[PDB]
Structures are given as C-alpha cells and as structure tokens.
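A short worksheet on the structure shown next.
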Amino acid sequence: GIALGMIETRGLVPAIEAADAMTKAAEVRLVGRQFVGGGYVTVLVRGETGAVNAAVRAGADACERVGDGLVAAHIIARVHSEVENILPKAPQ
Amino acid sequence: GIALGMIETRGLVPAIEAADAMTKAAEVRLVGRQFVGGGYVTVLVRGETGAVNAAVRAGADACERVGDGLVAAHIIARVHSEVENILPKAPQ
Amino acid sequence: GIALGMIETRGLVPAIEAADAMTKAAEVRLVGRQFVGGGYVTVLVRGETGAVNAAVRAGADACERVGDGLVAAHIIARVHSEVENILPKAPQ
Amino acid sequence: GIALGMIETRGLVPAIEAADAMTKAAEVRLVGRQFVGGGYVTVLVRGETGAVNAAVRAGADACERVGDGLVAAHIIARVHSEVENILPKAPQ
Amino acid sequence: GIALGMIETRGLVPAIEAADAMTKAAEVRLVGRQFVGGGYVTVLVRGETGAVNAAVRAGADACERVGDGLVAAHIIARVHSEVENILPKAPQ
Amino acid sequence: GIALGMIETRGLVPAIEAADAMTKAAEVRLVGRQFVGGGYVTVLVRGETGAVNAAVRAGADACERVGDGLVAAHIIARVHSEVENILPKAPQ
Amino acid sequence: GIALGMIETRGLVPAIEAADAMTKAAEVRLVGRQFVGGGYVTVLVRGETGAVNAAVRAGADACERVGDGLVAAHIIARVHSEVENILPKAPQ
Amino acid sequence: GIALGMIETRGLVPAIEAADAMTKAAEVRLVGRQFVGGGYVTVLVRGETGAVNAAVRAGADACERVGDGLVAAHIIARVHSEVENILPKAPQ
Amino acid sequence: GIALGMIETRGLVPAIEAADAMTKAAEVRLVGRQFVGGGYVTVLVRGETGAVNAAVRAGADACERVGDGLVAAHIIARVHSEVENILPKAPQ
Amino acid sequence: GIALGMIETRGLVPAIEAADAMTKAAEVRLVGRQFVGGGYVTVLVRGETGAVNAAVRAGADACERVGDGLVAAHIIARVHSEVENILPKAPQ
Amino acid sequence: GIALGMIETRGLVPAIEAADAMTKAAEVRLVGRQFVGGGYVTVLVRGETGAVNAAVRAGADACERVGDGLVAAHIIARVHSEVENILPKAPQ
Amino acid sequence: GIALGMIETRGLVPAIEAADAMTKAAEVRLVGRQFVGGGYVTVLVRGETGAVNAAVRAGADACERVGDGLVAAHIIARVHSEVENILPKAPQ
Amino acid sequence: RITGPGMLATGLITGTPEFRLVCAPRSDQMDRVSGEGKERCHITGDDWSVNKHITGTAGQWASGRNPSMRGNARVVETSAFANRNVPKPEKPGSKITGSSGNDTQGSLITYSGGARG
Amino acid sequence: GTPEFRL
C-alpha cells in the first residue's frame, strides 16, 4: 500500500489506543510512532486507501476520549515521492 | 534552487500534510523536517523563487486546518552561505 | 573577533530568518543553532563587536514578526574563557 | 477500478482546479471533461473506491471557491455497464 | 420492452447518477443521454413498463439531491410510433 | 515554464482583453481560449510560476471592467499529467 | 490591419447592426462574428488604428438600442502576437 | 433587393410565427434562421426596402406575444459588402 | 509611420514605464531615450499617426503616477526633415 | 532574467542602499545604476518575476529613509523588446 | 574591512570636509567621491564596522554646517557583491 | 489611405492656407481644389484616418482667421465607392 | 541621522553598551487570484507580493492600455439553473387505489398526460 | 465627421 494514515494525539496512551484500533479496523501496517515533542505522539500507518480510511476513522473515534485526546487524524492517498523520505518505514 | 520555504506547524501531522502539499504544488525539493521541541515541526523546501512561493502558499492553505495548526510560513529567496550549514541538506 | 551575538526565537523558522539576516548584514560567522527545548531555538553568531551589533539588530528586526517570534537578542563582546566551553564552535 | 468520481463546476477554471486536485490527491485517472451547456463543466475520474473518495473530497474542497464554483461532487462506487456507454473513456 | 422513462436533470452529474440508479434498479436499457442546452441533460431508458417504472422512480430519488437536481422524471408505457423517430436508439 | 494560469470571463471580449494583458505583462504563452457554454470563455496561459502570477493578476485587472467581466483567475504551479490531457496545447 | 475592434452584444441582430455600422464608418475588415454562447455574439474588426477607433465608436452607438443591446466595445491597437492565434482571420 | 430585415425572438416558435408573417406580408425572401444561443433565434429576410419594412413590421406584430416574444426587429437597407459574409445566404 | 510621439517625465523610471507602455499599446517603434538634464528624460516613439496617438495616451496614463511624473506628452504627425537631424534614429 | 525592477532615488546613497538590499534579498542582477540628472539615480535589477518583486520590496523599504529618499519603485515583468535597447545590461 | 560608509552632501566642499573627517577619525579607507548631479556629491569609505560607524559620525558632524550640508550619512556593514560593481574601488 | 478631409473656405487664400497647413501637419495627400462657386473653395485631402483628422484640425486652425473664413472642416473616414466618382483623384 | 544597521531593532537588543491565525478566515476572504496565487495565507519573508510603493505590472498599468466602453444590456439568463424557480403548474396527485407502489412522499414522477406515477 | 461629431 501507498496510502498514509496518520493520527496525532496528546500523550501516548491515546496513540496506542489509536494504533491498535487502526490496525484492527483494516489491513494497515503501522510503520511508525513518533514522539514529536511537547507531548504530541503521532502514529502512522500505510496501506490501500480504503484500508487506510477505515483505519484512520476507526482509530480517531477510539482515541478521542482516551487521555488528552486526538490532535489530528489525516489520510493521504497519494504520498509524493519527496514526502516519503520524511516518513518512517518501520516501527522502532 | 536557492530559495527556501519553510512551514512551521504545531505537531507532525500538519507538517507532513504541508510537505505533501508543497511538493505536489510546485517543483520544490523537501530538504528536511525538523522537530524543534515543544511541538514544533518545521518542514523545509528548496526550489526556485516562484516555485517556492507557490509551494509555501499551498502548504499553508492545506496544513492550516489539519491538526493544531500552522505557526509560520516563510520564504528566504536567496539564502546566505553561512545559513546553509544550519539548514538540512536532504531529508532523513 | 570574539563577540557573540545571540538570537533566541520561538521556533526554527524565526531563527533561520534571523540567522540569514544577521549573516547578510554583517561579517559574522554562524556558529550555532541550538534547540534549547520547549520551542526555544537559539542561533549564535561570532565576530567583531561592531559587526556583531549590526548583525543582531538586523536579525531581530527580521524575526520579530516571523512565526512565534523573538524571545531574545543579545550581544556579549568578550565572553569569559569558561563560557566558551558551553558555546558552539561550528554549526552542526 | 470502476468507481466514478465526478465533479461539476460552474465554468472551466473551477473544474481544472478540481481535476488537478483529484489527480494529485489519489490514484485516479481523469477520463473526461465535458461541457454540459449553461456553463456547467463536469470532470470525471475513475479508480478504486478509496481513491475515488479521496479524490472527490479533495477536488470538491479545492474548486469550491475557484470562480463560480462547485455544483456537485459525487462518488459512484460501482458503475453499471449501461452507464459505461455514456461515460468518456479518455479525455478528448 | 417498449416503455420509455426519462430523467432530465440540471447538470450532468445528477444525470449520470440517475442513469446509474435506473439501470441498477431494473432491467432497462440506457438508450440515450442528451444535452438539451442550458444545462438540461436528459437520460432516457427503455424496457418493460414495470421495469421502467421501477427504474425511473429509483433514479429520481437518487438524483434529486445530487447537483442542481431533477427537473423531470417521466414514464411512457406506450410510445406512439411517430415519437420513436425523435428518441435515441442507442447511447452514443 | 509549466505553470498554468487561467482566466474565465463572461463573454469573449473580456477574454481577449485578458489574454492580451496577460501576454504583455509577463512572460507567458497563450495556449488556449475555450468556450465553456453559457457565455463563459476561458483563456489559458503557461509560463514560470512568477510570470504566470503576474500575468493572471494583470489580466484580471484588465478584464474586470471590460464587458460582463471576470468570473475567475487561477494559477496552478504544477499541473498533473492527467490534467495536461484536457488542456489546450496551442491556441486555435 | 494591426488594430482590433470588438463589439459584444446580446443577440445577433444587435451585432449585425454593429458590424454594418463599423464597416461603413471606417475602413475596417470584419474578421469575425463569433457566437460565444449564452447569447453573446462578438463581432470583430481589424484595420489601422484610427479606423478601428471610429468603427468601434460607430458600431457601439448603432447597436445599443437594437435588441437586448451592447455588452462591450473594445479597441486593442496592437495585440500581442500570441493573441493573434486566438483571433479569427476571416469570417466563417 | 438587398435590404435585410431581422427578427430576434426568444425561442423558435416566435421566430417561425415571425417568418410566416413576414413572408406572407411582403415580397421578401427568408434567407435564414439562426440559433444564436441562449434561446435566441434570428430570422432574416432579404428584399427591397419597402418590402422589408412591411415584412418586419408584420413579423414583429406577430411574434410579440407568442412564446417568450420578440427581442428585436430591425431593418438595414443596404448592408455593407463585408457584412454579407456573415449573413446567411439560404435558409439551411 | 512618420509621426513622432514624445513623452517627458521627471526621471528614468517613469520614462521606461512610459516607453514600455507605448510600445505595448500600439504599433509604434521606440526610437530613443534622451537624458536632457535636470531630471527630465524624454522617450520618443515613431509610428503611424493613430498608432502614435494611442501609444501616447497609454504612456501618459502609465507614467503619470510612477515616480515624479509626466512633464509632457505630445504628438507631431509629420516631422520636418530638419527636425529629424536632432532626433535619435535608433535607441541605445 | 526577464523582469525588471527599477528603483529611483534622490542621491547615490539611497540608491546604493536600495541596490544592496535588493541584490541580497532575492536573486536579481544589477544591470545598471544611472545618474539621470537632477540628482535622481535609478538602480535597475533584472531577474525572474518573484525575485524581482521581492527585491523591489526590499529596496524600497530600505531606501525610504536613507537620505533624500525614494522617488520610485517599479516592476515590469516582461518589457517589450524595444524597451530592452534603452535598458542597461551590465552595471556602470 | 568590508563595510561601507557613505556621506552625501550638497556640494563638494562639504564632501571633502566629510572625507577628511572620516579618514582622520577612524581606520577607514576612502574609496570614492562621486558627483551624482544636481549638486549631490557622495564620498564613500570602506573599513570594519566599528571604524565605519565612527567615521560616519565624524563626517556627518563635520559637514553638517559646512556649506549646504549633509543629505545622507549611512552605513552598510556587509555589501553584496553585485553592489560592489557600482561602487568606486579607489579614489580619483 | 482612404480617408477624406475636406475644408471649405470663403475664397482661395484661406484654402491655400488650409492646404498648406494640412499637408505639412500630417501625412496626407492633396487631391483637389475645387471652385464650388459663390466663393467657396474646397480643398480635399486623402490619407489614413489619424492623418486626416490631424490635418483637417490643423488646417482649420490655420484658415479660420485668414481671408473671409472657414465654412467647413469635415472628415469622412471611408467613403462609399459611389462618392469616389465625384471626388477629384489628383489635383488638376 | 546616521542610518544603517544600528537604526534597526531599537529596543529588542540587550547586552549593548547602552543596555548595560496565519491564514485569514475563508469566510472573510475571496482571493483575486485563486490557486497558487492566493494571498489569504500570510507568507512572511521574501515573497512575490507587492507593497504601496511598488507601481508596476498590474493595476492601472494593465487596465488602461486598451480603450473600452461598456454598454448596458438586457439579461434574461435562460438556463436550467435560472429556470430552477420557474413558475409551475400545480403538481399531479393520485386518487388511485390498489397496490401500485403509490408512494406520495417521493420525487414527482409523471406518466402520460402529466399524471403522478 | 469625427467619431465625436458623428477692413
């Protein structure tokens, strides 16, 4: 898959809940979790666009309540070749 | 390209959206994404002046509604040589 | 020279602007950009005293409205030998 | 794929913007631009459902304020064979 | 079948939606889409009377809110031979 | 240059004035004039991004009070390859 | 004839009156009658600059109270070469 | 005769009534009917001056309350040689 | 074209604008810019009389609000041979 | 670079300041400094349009309060070819 | 020393005084005296920034009451290379 | 050119003044001096439209106070081919 | 008035000898030129925008080159959009009984003669 | 005939 789904939450508990939800909803691979700084954690998934859409929507609904919440949930269907260099390829 | 366009956002999701938008809008190369701390992510592009103007305008319009937001959109048309040392060469 | 000019800004876009401005304005060498934490980014220039004054003033003028702005602009004409060990030699 | 994504706009400038947005948003193939009459121009994109959904949302948003704007944005996920006979297959 | 059902809509997007709906609802042949002028687009289907009725009603319900919408949805169970000459025989 | 600037006008007189203005103001190449329907004529120019921006602004300012007017002015800095197919290559 | 004179009218009777007046008034060649759409007819003349000035004035006067009227009268003394490509060279 | 009489009506029904009336009233020849666009139809008759005046007056009196009515009734006694290129020779 | 049109301005910027405007406006050729002294610069255009008239009007309008302004705009439709010897033949 | 930026100042000092600002701000080349007479000095830069616009803005701001001041700041994105001959090509 | 110091005066006597003052006051090297026209004379010094600043203050206060006086006293700390082409290298 | 400018005066002296003036002023050719009878002399010039206007204005200004006066100054830009048969071809 | 870099940043500099929404609301603004020519987002820096001083390519310079006169003309836009509100006859109703899928709450469907179907 | 007139 080439579609990026990203969720940003305040704190990591919301982010784990969201990753779990995303991965569970559709066949999407978690390719990264990033601690941005300031308490923003972004969890990023890749897959086919429908899968990514399902995953992001599910995950956003799941994490909104947990913790301090969701900052952003975004889907990018076509990710520019340039932007892939700033994107995580595997979760560490 | 010696022009530099920069977008600073609150969080990473808005920044990835900006990078994507910019790179799609015009012929700019993403040279870096930086985590500044406190939640700031700065995404930077280098292109010809006009391309950079277009790109920054596009990124700003796109990232504005994604996430916490946009803090700054800036263009430095000719960047001094000393500054290059601080600026990231290629995205990693 | 040995003078130090320091501009601290909230965010990196303002700092890069400041740096560019300073370097263009006077003969000064950018020696560091430091991410202090909490969004404070400090850009430091060394050079002769007059040059350093000119640089910092230009830099401040430049970054005051960019982004979240300028926290501090400061010149220290001779810095103690001890304070040297906490000040960056070349930008990284 | 089979999905049809369609955006009708009042005038051609809005539609070219929509088309660009759709094709840059997702993997959709623009199959037609039709001048309906009255100043209505419909741009049609085909692809998998996820791609079409993403594309239509992006395009609609993009063309809304361009000129006289958006009249309709619609997704038809699976198109009937009979309706295929009235659908442009490649632009002309 | 020889019944005729027609849907005229303001714009092509509503009409394509209607045609799809009609053809899907029942066993009908889309024999034409005509651009009348001024934005009226008419989509015409043939089939048995029941099939045509189902199709027209379904199509109408579909397109009413798509675009600028339905102008007309009509069903004629027996078409005078003379009228056949002004009606499309296949969709071009 | 590959940027696209388009001006849509109500009536052909405004459009010819716009095309003329755009081409004179900046380094742009007129690639098309199109009759949309309903009195909209769209004039399309290609060039470098900055040039195209200048040209569209000039053209709008010119056509705005000529005739029935300016409906739209728009610049697209990079146009997708799919969109290129629906764009007139040279004037006719 | 380098210059261009153009009259746009709502309807063809006003345009024919305009053309007649224009061609009689000064030495100009009618290079086109264009049916724009929406009822706009543009009549276009070419001649030396003084001629086109008198022709346009005359045509405008003539056409204003005929039919639905004059939308616009415009003189372009030298038109950019690019514009020539979209201007009719003989009437058809 | 070379006199031209023209009646513009909104829609074809008024125009046909006008043509009938003109032709019945005086010795004029219908040389054309044109669909201008926007619902305008122009009916053009050629004949001698007196004949054309009679005919146009008759035609106007006829189509005024028929349909959407008369937009314009006009007579031009001798039309310039250049305007003859844009005038329909035969009613085809 | 033996008409001469001359515009004088206070300064070179207004004069270059005027020259550009004149040449763009009508079929005139720029024949020179003379510095004069005292801040007066004069730009001269040769061409046919109507072309010159158009050019001069356009230039005067253009340069009046650029810089310190237009001192004078003048047309001499036929220039005596003696005056020719004091006129710059080619612009340098 | 096609575009031209001209700034006119009273005195050489404001002009040197402007030139410096311009050349530093964006990538433009000084093609001339002219002593017009009267004390007006015009400094002229040539570059791509975005660059020239940025440069002229910098310059005007810079020289507004230096000495006597700014008489003018003007931009011509593409100048007619004839104007080129009256325009300086390498700085004096 | 790459800084520039400039003094513009109305008349040469005040300028020679200024140059003398400047050179005597600090470690600056006189690089030129230029007759701008209109009576403006610019004398220019180069040196390090602290020196230039001292020298310009000196020159200004020295020539202010001599003759017609000072128009401008200005210091540019780093001078762009392009600008160096318009600056006198050596005096005389 | 084919424009005609005619000046009628009372007596021949005013007319020669008018002819002289016309021909010197603009690029027009004198085609006749006609003694109408009753002391009316008509002097006729042919040229392009701008030329004719200018010439006739100049001539009228010249002859108004000379002799017994100017009766008429008139310009007809395109004369019908029939009137040419009553207009002198060359001055004999 | 010595002018130059010292004149700048007055009061934002310490250490001296002497001391010791980015984008405008969408609702509010419609851009003159849309797309990549938009001016709604405030781009700081060396952008291509133009200030008060700058006279130039667009403005009167583009507008006054070509002479124009605008007439006033009767516009009776004829279109599907314009006729959206066209005055209509009273809509058909069905007095039929029997099971016929006689829905009444849907869009008007008509049969021959204008009867609701 | 101009555009404008038309001891």
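Following the order of the structure tokens, chains are lettered A, B, ..., residues in each are numbered from 1, and ligands are numbered from 1.
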
Compute the set of chain I residues within 7 Å of chain M, using only C-alpha atoms, and express it as a PDB file with N, CA, C and O atoms, in the first residue's frame.
```pdb
ATOM      1  N   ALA I  25       1.156  49.361 -26.216  1.00  0.00           N
ATOM      2  CA  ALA I  25      -0.155  49.858 -26.605  1.00  0.00           C
ATOM      3  C   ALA I  25      -0.469  49.913 -28.043  1.00  0.00           C
ATOM      4  O   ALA I  25      -1.574  49.603 -28.412  1.00  0.00           O
ATOM      5  N   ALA I  58      -1.684  55.943 -23.862  1.00  0.00           N
ATOM      6  CA  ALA I  58      -1.357  54.876 -22.962  1.00  0.00           C
ATOM      7  C   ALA I  58      -0.163  55.201 -22.117  1.00  0.00           C
ATOM      8  O   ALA I  58      -0.234  55.024 -20.917  1.00  0.00           O
ATOM      9  N   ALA I  62       0.167  55.723 -18.128  1.00  0.00           N
ATOM     10  CA  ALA I  62       1.056  54.853 -17.403  1.00  0.00           C
ATOM     11  C   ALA I  62       2.063  55.515 -16.538  1.00  0.00           C
ATOM     12  O   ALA I  62       2.243  55.112 -15.414  1.00  0.00           O
ATOM     13  N   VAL I  66       3.956  57.121 -11.747  1.00  0.00           N
ATOM     14  CA  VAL I  66       5.146  56.395 -11.452  1.00  0.00           C
ATOM     15  C   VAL I  66       6.154  57.456 -11.198  1.00  0.00           C
ATOM     16  O   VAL I  66       6.327  58.336 -12.004  1.00  0.00           O
TER      17      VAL I  66
END
```

Proximal residues of chain J relative to chain F (only C-alpha atoms; 6 Å) as a VMD selection string = chain J and resid 49 to 50 77 to 78

Export N, CA, C and O atoms of the chosen residues as a PDB file, in the first residue's frame?
```pdb
ATOM      1  N   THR J  49      10.489  36.968 -12.176  1.00  0.00           N
ATOM      2  CA  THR J  49       9.489  37.791 -11.552  1.00  0.00           C
ATOM      3  C   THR J  49       9.315  37.721 -10.041  1.00  0.00           C
ATOM      4  O   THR J  49       9.245  38.764  -9.411  1.00  0.00           O
ATOM      5  N   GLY J  50       9.275  36.556  -9.418  1.00  0.00           N
ATOM      6  CA  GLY J  50       9.100  36.538  -7.987  1.00  0.00           C
ATOM      7  C   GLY J  50      10.261  37.219  -7.340  1.00  0.00           C
ATOM      8  O   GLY J  50      10.089  38.076  -6.455  1.00  0.00           O
ATOM      9  N   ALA J  77       7.409  42.986 -15.515  1.00  0.00           N
ATOM     10  CA  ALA J  77       7.679  41.567 -15.655  1.00  0.00           C
ATOM     11  C   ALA J  77       8.218  41.156 -16.979  1.00  0.00           C
ATOM     12  O   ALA J  77       8.998  40.243 -17.019  1.00  0.00           O
ATOM     13  N   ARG J  78       7.721  41.691 -18.082  1.00  0.00           N
ATOM     14  CA  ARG J  78       8.343  41.468 -19.359  1.00  0.00           C
ATOM     15  C   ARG J  78       8.238  42.787 -20.011  1.00  0.00           C
ATOM     16  O   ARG J  78       7.197  43.379 -20.015  1.00  0.00           O
TER      17      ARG J  78
END
```

Distance query residue 5 (chain J) at most 9 Å, only C-alpha atoms, self and fewer than 2 positions along chain excluded, as an NGL selection string = :J and (3 or 7 or 28 or 43-47 or 52-53 or 55-56 or 73-77)

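The space separating CA of residue 69 (chain G) from CA of residue 10 (chain F) comes to 15.4 Å.
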
Check which residues of chain N sit at most 10 Å from chain L using only C-alpha atoms, and return one row each with the closest pair of atoms and their distance in Å to one decimal, ordered by chain and rising number, as CSV.
```
residue,atom,partner,partner_atom,distance
N:1,CA,L:75,CA,4.8
N:2,CA,L:75,CA,6.1
N:3,CA,L:75,CA,9.3
N:5,CA,L:74,CA,9.7
```

query = What does the distance between CA of residue 41 (chain C) and CA of residue 38 (chain B) come to in Å, to one decimal place?
reply =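 The value is 10.6 Å.
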
ask   = If you measure from CA of residue 17 (chain M) to CA of residue 65 (chain C), what distance in Å do you get, rounded to one decimal?
value =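 Calculated distance between CA of residue 17 (chain M) and CA of residue 65 (chain C) is 25.5 Å.
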
inquiry  = Could you pull out the alpha helix (DSSP H) residues of chain B, going by DSSP on the backbone, and write them as an NGL selection string?
reply    = :B and (12-25 or 49-63 or 81-86)

query = Counting only C-alpha atoms, what is within 8 Å of residue 13 (chain K), bar same-chain residues fewer than 3 positions away, as a list in words?
reply =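 In the requested form, the answer reads residues 16, 17, 66 and 67 of chain K.
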
Using DSSP on the backbone, list every residue of chain A that comes out as strand (DSSP E or B), and give them as a short mmCIF file (atom, residue, chain, number, x, y, z; two decimals) with C-alpha atoms, in the first residue's frame.
```cif
data_model
loop_
_atom_site.label_atom_id
_atom_site.label_comp_id
_atom_site.auth_asym_id
_atom_site.auth_seq_id
_atom_site.Cartn_x
_atom_site.Cartn_y
_atom_site.Cartn_z
CA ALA A 3 -1.53 5.50 1.38
CA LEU A 4 -0.59 7.24 4.54
CA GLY A 5 -2.74 7.48 7.55
CA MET A 6 -1.59 9.49 10.44
CA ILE A 7 -3.04 10.14 13.85
CA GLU A 8 -1.71 12.67 16.38
CA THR A 9 -2.66 12.53 19.98
CA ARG A 10 -1.69 14.35 23.11
CA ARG A 29 0.74 -1.71 8.67
CA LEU A 30 1.99 0.54 11.48
CA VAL A 31 5.13 1.95 10.20
CA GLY A 32 5.79 4.42 12.87
CA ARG A 33 5.18 6.04 16.18
CA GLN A 34 6.84 9.36 16.67
CA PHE A 35 7.26 11.39 19.71
CA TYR A 40 2.36 15.00 20.69
CA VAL A 41 2.63 11.45 19.55
CA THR A 42 1.89 10.54 16.00
CA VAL A 43 1.28 7.05 14.95
CA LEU A 44 1.46 6.40 11.23
CA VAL A 45 0.04 3.57 9.10
CA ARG A 46 0.34 2.59 5.42
CA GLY A 47 -1.98 0.51 3.24
CA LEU A 70 -6.73 13.50 19.34
CA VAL A 71 -5.00 16.41 17.74
CA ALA A 72 -5.32 15.22 14.15
CA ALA A 73 -6.35 12.29 12.02
CA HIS A 74 -5.37 12.52 8.40
CA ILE A 75 -5.36 10.36 5.30
CA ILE A 76 -3.13 10.99 2.31
#
```
